[PDB]
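Notes follow the structure.
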There are 8 protein chains.
Amino acid sequence: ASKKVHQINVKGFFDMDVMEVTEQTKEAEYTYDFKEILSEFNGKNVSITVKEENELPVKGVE
Amino acid sequence: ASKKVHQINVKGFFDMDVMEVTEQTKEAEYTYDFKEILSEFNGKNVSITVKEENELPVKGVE
Amino acid sequence: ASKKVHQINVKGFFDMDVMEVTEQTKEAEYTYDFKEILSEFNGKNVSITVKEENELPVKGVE
Amino acid sequence: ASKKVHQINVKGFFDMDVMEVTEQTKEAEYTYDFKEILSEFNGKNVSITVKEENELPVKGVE
Amino acid sequence: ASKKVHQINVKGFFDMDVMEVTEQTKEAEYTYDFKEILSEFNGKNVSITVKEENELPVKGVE
Amino acid sequence: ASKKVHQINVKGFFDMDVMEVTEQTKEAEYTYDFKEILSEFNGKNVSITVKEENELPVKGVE
Amino acid sequence: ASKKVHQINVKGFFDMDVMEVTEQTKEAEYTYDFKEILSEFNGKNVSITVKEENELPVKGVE
Amino acid sequence: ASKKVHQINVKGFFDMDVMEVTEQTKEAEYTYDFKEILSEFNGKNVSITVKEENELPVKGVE
């Protein structure tokens with residue numbers, strides 16, 4: 001069960017055209033290039049997760 | 001706190017050149033194209049996780 | 001193990017008569033119709049969870 | 001933080017027309033009526049979760 | 001896997017002599033009697049967890 | 001955030017009269033006396049959890 | 001499944017030369033000696049986790 | 001929230017004298033040297049977790 005784990009978490013607005021993820025913090029607006037990140041993993045067994053969560057359509061605010 | 005979550009989990013051998021992930025099950029060897037999967041999210045806020053876990057270098061076996 | 005997950009979380013005061021869940025936010029009072037939400041899943045395999053948590057009967061506040 | 005939690009987990013094939021969830025066990029096929037279950041919570045604050053997970057579209061099995 | 005779970009969480013200062021647990025909130029000091037709570041479960045299969053966490057002995061402060 | 005945690009997990013059939021918990025393993029049938037266990041914590045802030053999970057009333061096996 | 005767990009969590013700047021971990025709280029600067037802590041476990045089956053998390057190299061701060 | 005995580009998990013019999021952890025798998029007996037592992041983190045903010053879990057003292061085996 002012993003193992004070495006290496007993981008990258010990236011949260012932000014995704015633009016696959018320029019292949020970049022950019023998050024709007026409370027101070028700035030950071031931009032990470034998913035391409036470079038992804039490449040660090042090219043050639044190996046990985047576990048990739050892509051989550052997108054939105055709001056629930058309401059039917060009435062009071 | 002109510003929300004609608006949509007998530008994709010993909011585990012397998014990653015080849016970013018052809019942009020495909022392929023896992024070796026006990027029964028068959030499935031191949032998913034990360035490109036198509038990724039595109040379903042292009043243009044929205046996301047969390048991407050990319051995990052890669054290996055074994056620990058030993059020094060004694062018996 | 002690769003898969004596509006789609007999940008809906010709804011937290012609020014439940015009224016099964018009108019089939020609606022409504023949560024009280026420190027800014028407003030949203031109302032979601034559990035019927036419409038539930039219907040998005042009609043006809044498929046699902047894990048459903050319904051939690052209700054209350055307070056513990058005390059034997060002395062101070 | 002002390003509290004009393006009461007929760008119901010139901011996993012199966014969902015039919016909202018007859019309002020029943022039915023899971024296929026390697027020993028039998030159980031059927032629960034979501035209506036009765038849901039009613040045990042009518043009139044209270046609740047967190048409800050509805051998950052539906054499917055497979056990932058492949059581009060080549062082998 | 002479908003099931004009905006019923007759980008009690010109780011956090012506070014424990015006195016087994018009078019069999020009572022009492023927590024000091026920011027607003028008030030609640031007192032729950034572990035005896036009554038425990039009895040609700042007498043006669044059934046359970047999981048009991050009892051956790052106690054303290055601070056780590058330091059050796060340098062600045 | 002550094003801390004020392006000490007925790008006890010006890011799963012089995014609960015009998016508060018003789019104050020003992022007894023689990024039926026695959027080999028034997030172990031019996032732990034909740035009294036002794038509980039006492040190790042008498043006099044300190046703790047987080048106690050008592051869970052009891054049962055099966056869901058069915059309406060039809062096929 | 002019943003068991004007694006004993007666990008130590010230590011978060012801070014690690015210096016293996018003097019074998020000490022030191023975290024910078026919003027108040028003080030605590031220093032724990034990993035040596036003493038580690039010794040409390042010498043001679044036992046353990047599980048050890050060492051995590052180090054950094055920031056993601058950006059390409060566009062704004 | 002985006003970040004790079006690097007984590008090591010080590011489970012086995014701990015000997016701090018020789019500074020080695022050794023686990024007994026269902027096949028072999030692997031030995032890892034905690035010293036080398038630990039050094040990979042010397043000089044960094046880390047989180048360290050050391051857990052040791054034992055069995056509960058019974059009062060009636062059967």
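Lettering and numbering for the structure tokens are positional, with chains as A, B, ... in the shown order, residues counted from 1 in each chain, and ligands counted from 1 in the shown order.
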Should the cut-off be 6 Å, what would the residue list for chain F against chain G look like, counting only C-alpha atoms, as a short mmCIF file (atom, residue, chain, number, x, y, z; two decimals) with C-alpha atoms, in the first residue's frame?
```cif
data_model
loop_
_atom_site.label_atom_id
_atom_site.label_comp_id
_atom_site.auth_asym_id
_atom_site.auth_seq_id
_atom_site.Cartn_x
_atom_site.Cartn_y
_atom_site.Cartn_z
CA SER F 2 -1.02 19.94 14.86
CA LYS F 3 -2.62 17.60 17.33
CA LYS F 4 -2.63 14.24 19.02
CA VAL F 5 -5.74 12.22 18.37
CA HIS F 6 -6.79 9.12 20.34
CA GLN F 7 -9.82 7.25 19.13
CA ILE F 8 -11.77 4.02 19.88
CA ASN F 9 -14.13 2.35 17.32
CA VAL F 10 -16.44 -0.40 18.61
CA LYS F 11 -18.86 -2.28 16.45
#
```
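Once chain D is least-squares aligned to chain G over all ordered C-alpha pairs, the remaining root-mean-square deviation is 0.2 Å.
Counting from atom CA of residue 55 of chain H, the distance to atom CA of residue 56 of chain E is 24.2 Å.
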Picked from chain G by DSSP as alpha helix (DSSP H), as a PyMOL selection string: chain G and resi 34-39
All strand (DSSP E or B) positions in chain F, as a PyMOL selection string: chain F and resi 3-15+20-23+30-32+45-55
Restricted to C-alpha atoms, what would the selected residues look like written as a compact mmCIF listing (two decimals), in the first residue's frame?
```txt
# COMPACT_ATOMS: atom_id res chain seq x y z
CA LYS F 3 -2.62 17.60 17.33
CA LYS F 4 -2.63 14.24 19.02
CA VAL F 5 -5.74 12.22 18.37
CA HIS F 6 -6.79 9.12 20.34
CA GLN F 7 -9.82 7.25 19.13
CA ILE F 8 -11.77 4.02 19.88
CA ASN F 9 -14.13 2.35 17.32
CA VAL F 10 -16.44 -0.40 18.61
CA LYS F 11 -18.86 -2.28 16.45
CA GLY F 12 -21.19 -5.00 17.71
CA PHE F 13 -24.47 -5.90 19.41
CA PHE F 14 -25.04 -3.36 22.21
CA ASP F 15 -26.35 -4.29 25.65
CA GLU F 20 -21.05 -4.52 26.78
CA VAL F 21 -20.68 -4.50 23.01
CA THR F 22 -20.19 -7.80 21.23
CA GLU F 23 -19.42 -8.37 17.51
CA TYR F 30 -15.66 -10.94 20.52
CA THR F 31 -16.99 -9.05 23.53
CA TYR F 32 -15.79 -5.63 24.63
CA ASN F 45 -13.63 16.78 25.92
CA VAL F 46 -14.63 14.10 23.41
CA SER F 47 -16.56 13.53 20.18
CA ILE F 48 -18.87 10.55 20.48
CA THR F 49 -20.72 8.93 17.64
CA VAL F 50 -23.30 6.19 17.83
CA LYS F 51 -24.53 4.84 14.51
CA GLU F 52 -27.11 2.16 13.87
CA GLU F 53 -27.92 1.16 10.33
CA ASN F 54 -30.73 -1.14 9.21
CA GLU F 55 -32.25 -2.43 5.98
```
Atomic separation - atom CA of residue 26 of chain A relative to atom CA of residue 61 of chain A, Å: 27.4 Å
